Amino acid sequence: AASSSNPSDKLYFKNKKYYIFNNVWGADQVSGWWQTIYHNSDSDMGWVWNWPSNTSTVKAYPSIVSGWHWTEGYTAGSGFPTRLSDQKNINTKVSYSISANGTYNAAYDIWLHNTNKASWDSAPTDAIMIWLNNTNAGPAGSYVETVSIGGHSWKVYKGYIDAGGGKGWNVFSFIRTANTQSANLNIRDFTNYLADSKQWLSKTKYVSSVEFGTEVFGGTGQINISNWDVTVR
């Protein structure tokens, strides 16, 4: 077992296919905070946080990463990158529980690029978010419609994140109409909706990453994850 607390710390697991990532990307202008990632086993892991702030900015996204995350390449054995036109199933399973106050979510974050050689400075072209928990928060962009995908109902949002210099990505968010602590999803169901139903995503693009974590806007609490996997088949 191990537990780490500095910015951008990584706890690898499953033969380095995944890592828990102490991602504090939104923290520069706030203080008073702490965030610790931990791994006891592959079925007992999570993170603990304290983000004292009332603002609507994301302070942090402690998370599990499979694939790329502004890294030189992709985690070993992850199955990323995978081109959408290859039509692989991207099967994910998670079971978790949160005890927290304030404003946060629990969400998948899926990154796409045009390149199959994403590196440390490769800006994504698109992000897909799948929120299993929304606690007092709301997504980027504008509400489109409610859809049934994968046996769940989702409110769909579409926006654009400007990352400076012409860098920036579409963001497509799927917010479950009620919170859930477990899901078994195929990311391909969501990318097929965006590509074939909405004509918002080209199948020439590559899925670079599947991440799962909690965006924290403010408050204190923790998550524990009791089941996790992402497999590209």
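In this text, residue numbers run from 1 along the sequence as written.
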Which of the two stretches, 65 to 73 or 35 to 43, shows the higher mean Cα temperature factor in the record?
65 to 73
Comparing 196 to 204 with 50 to 58, the one whose average Cα B-factor in the PDB entry is higher:
196 to 204
Based on what the PDB entry reports, which of 132, 129, 84, 156 has the top C-alpha B-factor?
84
Sort the modelled residues of this chain by their C-alpha B factor and say whether residue 99 lands in the lowest, middle or highest third.
middle
Where the record places residue 106 (Cα B-factor, split into thirds across the chain):
lowest
Sort the modelled residues of this chain by their C-alpha B factor and say whether residue 226 lands in the lowest, middle or highest third.
middle
Going by the recorded CA B-factors, say which third of the chain residue 178 sits in, lowest, middle or highest.
highest
Modelled-residue ranking by C-alpha temperature factor, third containing residue 22:
lowest
